Amino acid sequence: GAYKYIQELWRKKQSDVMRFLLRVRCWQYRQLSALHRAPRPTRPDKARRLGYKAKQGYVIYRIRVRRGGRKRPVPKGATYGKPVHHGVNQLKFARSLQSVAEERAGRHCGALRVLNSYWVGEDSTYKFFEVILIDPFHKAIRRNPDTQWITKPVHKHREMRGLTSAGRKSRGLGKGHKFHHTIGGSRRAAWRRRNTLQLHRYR
Amino acid sequence: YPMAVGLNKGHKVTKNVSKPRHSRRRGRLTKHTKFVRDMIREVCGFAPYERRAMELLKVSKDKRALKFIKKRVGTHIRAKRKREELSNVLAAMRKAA
Amino acid sequence: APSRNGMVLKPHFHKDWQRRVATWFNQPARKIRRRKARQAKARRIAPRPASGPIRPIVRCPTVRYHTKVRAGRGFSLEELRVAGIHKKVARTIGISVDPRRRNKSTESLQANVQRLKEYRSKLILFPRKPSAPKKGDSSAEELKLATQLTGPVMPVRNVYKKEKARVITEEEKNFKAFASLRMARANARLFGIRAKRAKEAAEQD
Amino acid sequence: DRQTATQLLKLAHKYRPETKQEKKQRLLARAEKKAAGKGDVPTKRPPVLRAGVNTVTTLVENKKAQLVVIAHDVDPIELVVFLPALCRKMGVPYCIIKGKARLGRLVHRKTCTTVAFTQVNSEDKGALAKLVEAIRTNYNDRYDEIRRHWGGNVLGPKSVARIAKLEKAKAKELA
RNA sequence: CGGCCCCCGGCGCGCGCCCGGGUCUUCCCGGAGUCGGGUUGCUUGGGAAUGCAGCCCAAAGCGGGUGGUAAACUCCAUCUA
RNA sequence: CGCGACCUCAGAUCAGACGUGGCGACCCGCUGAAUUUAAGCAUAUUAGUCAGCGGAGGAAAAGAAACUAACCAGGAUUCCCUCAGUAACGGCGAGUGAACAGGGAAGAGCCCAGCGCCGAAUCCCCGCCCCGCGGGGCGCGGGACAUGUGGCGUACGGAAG
Ligand SMILES: [Mg+2]
Ligand SMILES: [Mg+2]
Ligand SMILES: [Mg+2]
Ligand SMILES: [Mg+2]
Ligand SMILES: [Mg+2]
Ligand SMILES: [Mg+2]
Ligand SMILES: [Mg+2]
Ligand SMILES: [Mg+2]
Ligand SMILES: [Mg+2]
Ligand SMILES: [Mg+2]
Ligand SMILES: [Mg+2]
Ligand SMILES: [Mg+2]
Ligand SMILES: [Mg+2]
Ligand SMILES: [Mg+2]
Ligand SMILES: [Mg+2]
Ligand SMILES: [Mg+2]
Ligand SMILES: [Mg+2]
Ligand SMILES: [Mg+2]
Ligand SMILES: [Mg+2]
Ligand SMILES: [Mg+2]
């Protein structure tokens, strides 16, 4: 009854009723730490449509990342190579900051499983996300077999292999003529199948 | 007389026009969500670019308002629909005596 | 480096191809593996036929292969509804179901419907309890076989429309000349511009 | 205010939803009575309120709600902000109350956030009408007045005392 | 080919669950700093920018994306992020 | 002044449970040159590789279209032969370079947030009893989670009453 109203109020996030609450929450979260346990989701509709259910074993981490592109870590801005690569100031890091937040949350807590994550704040520098974490060894998650897929050990650390929503969106895989660079599996699998010099017994 | 190219191009087969699939029912009228949106617009208010585009469409120039909406949102057809929406909101609210 | 009159060669060997050389030394190995896979399926799984579900008559999308025909994927839900059975009931009967395949032609519609009627006629099913719904006795000594090969119906059916014996006729032989194709090509190239000039002739009074 | 809130809680205390103990008690009792005595309709209509924002929004959209009680202390305010305007546009009276814990303790839960009076008893319609008249006097009839007024914008008391001291100095200069 | 010991599968006595198909009427019908636009880097065969990412601007609901040459008008096909 | 409820929280050698590290031929995510070629060298090629870092399984990834096509249309993902050294990219130099068709192995499809209806009919834990071999569950009595939303019915191939 309510979540469509919550969604439509969150959509136009530039209006005066929302931007006050957004500025107050950005101040409140900027004065907090970097990675800490929010006891309940601040966006219930978005958390529930990403996969949160109000039961024992689902944990929200509020996490803060720093905006901007990456600087190449070479000393004194020297690359020692051809003029293709002197751009120390500008590389823009093909994974999104949401994926960085998922990596940091799951790597701080490898005992949990990163399901998804969602934006909750920005000012100019600190981008704020909330990451939902499944506890694979709680009994309410090891039962209820619509959830038992994440208990299986092939889903350990989805956030660093690129299996979450922001992970897949950073990999850039989809059906179409816009994705011939990664035709199947991954771009390295496509490179493997397209530069494997295939030979046979009979030629 | 049938042939390959021209106006009646291809082999002549009979049509099978039926009711379309449910996937066409995606962004339709939907009076319930219309009630939701039409409530929540006057619950919240308007964006700042909308609030100055209503002024530019009221007094200054419709072409300048369309150019400002074309600059602030993506494309020309988006600018057309946003201009028509703001003009409908303007004529429906601020013209009722 | 080049030489006498020979073809300009650009081989793609500048990349380190020596690491990724996949030579099929296990090609009879994969052949024996896949033989044993199919035979183990036909033994252990069911007395269902090999290549289990029935495939549709399907025309290939091109200007090149559309004269030919193909075993498709599934039976295109409107076709299955005209045949008159439920979706997963059809999937357990053995009907391959694709919910994406549309229907444009009543010809191909009725072709797949008659193919469904033929498959339902050829169907002999065995329920669990011996109360016999929708079967009879041991028909044809339990059908004398329990495994079919290379499709149930051999779904190609290359049609042979012959239309051989006819006499050369009246002025159609003096009417169907070469100029029809060039007239149709010029009409297709100059369709809309003539409509624009007709609109301008109606506009300029 | 607390007088009308006390009247509201005195009305809402006897429409309390059942807990697990008396729920299981009523289930076992009614099951044994319909097993032994074989009663067809032992209960005509159970009067009980509704809780939860998903339930209350549905009830005000379908006009089943007679009265809406809206809690104050919800930490995401976005969960609640649409409900006063929605009850105003659907004509259902709503009262904003302070303290969601006091509303949870009439539903046997920590937070309740919303309470919808939909069905009333025979000897309670007059008291409900007496409450709804004051609630429509306070909230519903003044909605065009509340929507224009801005809140907050109060400086710190040290700065207010500084501005007042400068204002008294300016008045001493002008007089 | 033969005998013994050990392990796994599918028949047949109890405990727990058990309503689908067609006609007619009414009602519902969707994932947001997300798509998209500008700009900047890397990558691609992808060229008036294939994909990913930084910053800014940032939606619609007969909507949105795709239709391989940018842009406007119009028609049609397909899909529903 | 005190008591109580909710919410943000902290502590413990609290009861129970979980991640660290190794191997790394195969796979996934990031990052990343230069020797070499261009008979010279900056774009380019070497290469989206070597090296580095992070993850898991016997496979991994992908996977049920915001697809291909443009005609008598097909229809999840992967793999092989073709397409093809072609379309295209490139000091249009050196060189780089796919895809849809089509034929084959495999064939399996599905679920959730929303929409409402069901008196939260849902789930975790504690204690005694019905009991089994080599070990753990259907019921009984109370402490929690959950109305800021459990579970059933439902998924765009329409669904519900
Ligand atoms: Mg909790
Ligand atoms: Mg996957
Ligand atoms: Mg040879
Ligand atoms: Mg549409
Ligand atoms: Mg020589
Ligand atoms: Mg080399
Ligand atoms: Mg559009
Ligand atoms: Mg369009
Ligand atoms: Mg076009
Ligand atoms: Mg074009
Ligand atoms: Mg490890
Ligand atoms: Mg040299
Ligand atoms: Mg040199
Ligand atoms: Mg390169
Ligand atoms: Mg390496
Ligand atoms: Mg292992
Ligand atoms: Mg789908
Ligand atoms: Mg060739
Ligand atoms: Mg060349
Ligand atoms: Mg290359």
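What follows is calculated from the coordinates using simple rules that are stated; it is not laboratory data. FYI the Cβ positions are ideal-geometry reconstructions off the backbone, even for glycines, and counts take in every protein chain you see.
Considered as an equivalent ellipsoid built on the Cα gyration tensor, chain B has semi-axes of 42, 22, 12 Å, the largest given first.
In square nanometres and to one decimal, what's the mean projected area of the convex hull around the Cα atoms of segment C:146-205?
Values: hull surface 43.8 nm².
Reported value for the Cα convex hull: 10.9 nm².
Entry for segment D:77-150 at q = 0.12, 0.19 Å⁻¹: log10 I(q)/I(0) = -0.40, -0.97, Debye formula applied to identical alpha-carbon scatterers, no solvent contribution. Here the calculated FRET efficiency for residue A:7 and residue A:94, from their Cβ-Cβ distance with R0 = 25 Å, stands at 0.25, rounded to the nearest 0.05. Using the Karplus relation 6.51 cos²θ - 1.76 cosθ + 1.60 with θ = phi - 60°, the per-residue 3J(HN,Hα) values for segment C:110-117 come to 5, 5, 5, 5, 5, 5, 5, 5 Hz, with x marking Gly and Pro.
Residues B:18, B:23, arranged from fewest to most other Cβ atoms within 10 angstrom of their Cβ, appear as B:23, B:18. Think of chain D as a dipole: +1 on every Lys or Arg Cβ, -1 on every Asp or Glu Cβ, centred on the Cα centre; then among D:175, D:79, D:17, D:17 lies furthest on the positive end.
GNM remark for chain C: springs join alpha carbons under 10 Å apart, and the peak mean-square fluctuation among C:51, C:96, C:121 falls on C:121.
Which value results when the Cα radius of gyration for chain D is divided by 2.2 N^0.38 Å?
1.48
By the beta-carbon count within 10 Å of each Cβ, the least crowded to most crowded order of C:171, A:159, fewest first, is C:171, A:159. Taken over the alpha carbons of segment A:134-203 as equal point scatterers, the Debye sum produces base-10 log I(q)/I(0) values at 0.18 Å⁻¹ of -0.82. Across the alpha-carbon atoms of segment A:95-137, the computed radius of gyration and Dmax are 11.0, 39 angstrom. Could you identify which residue out of C:194, C:100, C:91 has the top mean-square fluctuation in a GNM of chain C using Cα springs shorter than 10 Å? With Cα springs under 10 Å in chain C, the top fluctuation among C:194, C:100, C:91 is at C:194.
Which residue, chosen from C:97, C:82, C:72, occupies the Cα position most advanced towards the positive end of the dipole of segment C:48-100, where the dipole is computed from +1 (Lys, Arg) and -1 (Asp, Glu) charges on Cβ about the Cα centre? My answer, from the dipole projection, is C:72. Projected label points at residue B:26 and residue A:181, each 7 Å from Cα along the beta carbon direction, are separated by 2.5 nanometres.
FRET efficiency for the pair residue B:1 and residue C:189, taken as 1/(1 + (r/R0)^6) with r the Cβ-Cβ distance and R0 = 22 Å, rounds to 0.65.
Summarising the amide proton neighbourhood of residue C:54: residues at separation of 5 or more, or on other chains, whose placed amide H is nearer than 5 Å comprise C:96.
For chain A, a Gaussian network of Cα nodes joined below 10 Å ranks A:38, A:190, A:101 by mean-square fluctuation, and the top entry is A:190. Extent along the principal axes, Cα only, for chain C: 85, 67, 46 Å, with the longest axis given first. Every helix of 4 or more DSSP H residues in chain A counts as -39500 (n - 2.57), and over all residues that averages to -9000 deg cm²/dmol at 222 nm. The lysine pair tally for segment A:1-142, using Cα distances under 24 Å and a gap of 8 or more places or different chains, is 19.
For segment C:83-205, what number results from the quotient of the Cα radius of gyration and 2.2 N^0.38 Å?
Details: Rg = 27.5 Å, N = 123, 2.2 N^0.38 = 13.7 Å.
Segment C:83-205 yields a ratio of 2.01.
Kindly provide the Kirkwood hydrodynamic radius of the protein assembly as shown in Å, to one decimal, from all pairs of distinct alpha carbon atoms.
Details: mean 1/r = 0.0284 Å⁻¹.
Every distinct Cα pair counted, the radius reaches 35.2 Å.
From helices alone, chain C scores -11000 deg cm²/dmol at 222 nm; the rule is -39500 (n - 2.57) for each run of n ≥ 4 DSSP H residues, then divide by the residue total.
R0 = 30 Å: FRET efficiency of residue C:71 with residue C:31, Cβ-based, nearest 0.05? Working shown, then result.
Working: r = 23 Å, r/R0 = 0.77.
Computed FRET efficiency for residue C:71 and residue C:31: 0.85.
Based on the alpha-carbon gyration tensor of segment C:1-103 and its eigenvalue square roots a ≥ b ≥ c, which shape applies: rounded if a/c is under 1.5, prolate if not and a/b is larger than b/c, or oblate?
Working: a/c = 3.80, a/b = 1.73, b/c = 2.20.
Because a/c hits 1.5 or more and a/b fails to exceed b/c, segment C:1-103 counts as oblate.
In this label model, residue C:158 and residue C:141 are separated by 3.6 nm, measuring between points 7 Å along each Cα→Cβ vector.
Give the average, rounded to an integer, of partner chain Cβ atoms located within 10 angstrom of each Cβ in B:42-51.
5
Over 24 Å, how big is the tail of the calculated P(r) for chain A, in percent of all Cα pairs? Cα-Cα pairs of chain A separated by over 24 Å account for 56 percent.
Report the Cα centroid-to-centroid distance between segment C:72-115 and segment B:2-48 in angstrom, as an integer. Segment C:72-115 and segment B:2-48 have Cα centres spaced 26 Å from each other.
In this simple spin-label model, placing a label point 7 Å from the Cα along the Cα-to-Cβ direction at both residue B:87 and residue C:39 gives a separation of 7.8 nm.
Please rank C:108, C:76, C:3, A:96, fewest neighbouring Cβ atoms within 10 Å first, as an exposure proxy. Please report the intermediate quantities before stating the final value.
Values: C:108 18, C:76 23, C:3 5, A:96 15.
Lowest count first: C:3, A:96, C:108, C:76.
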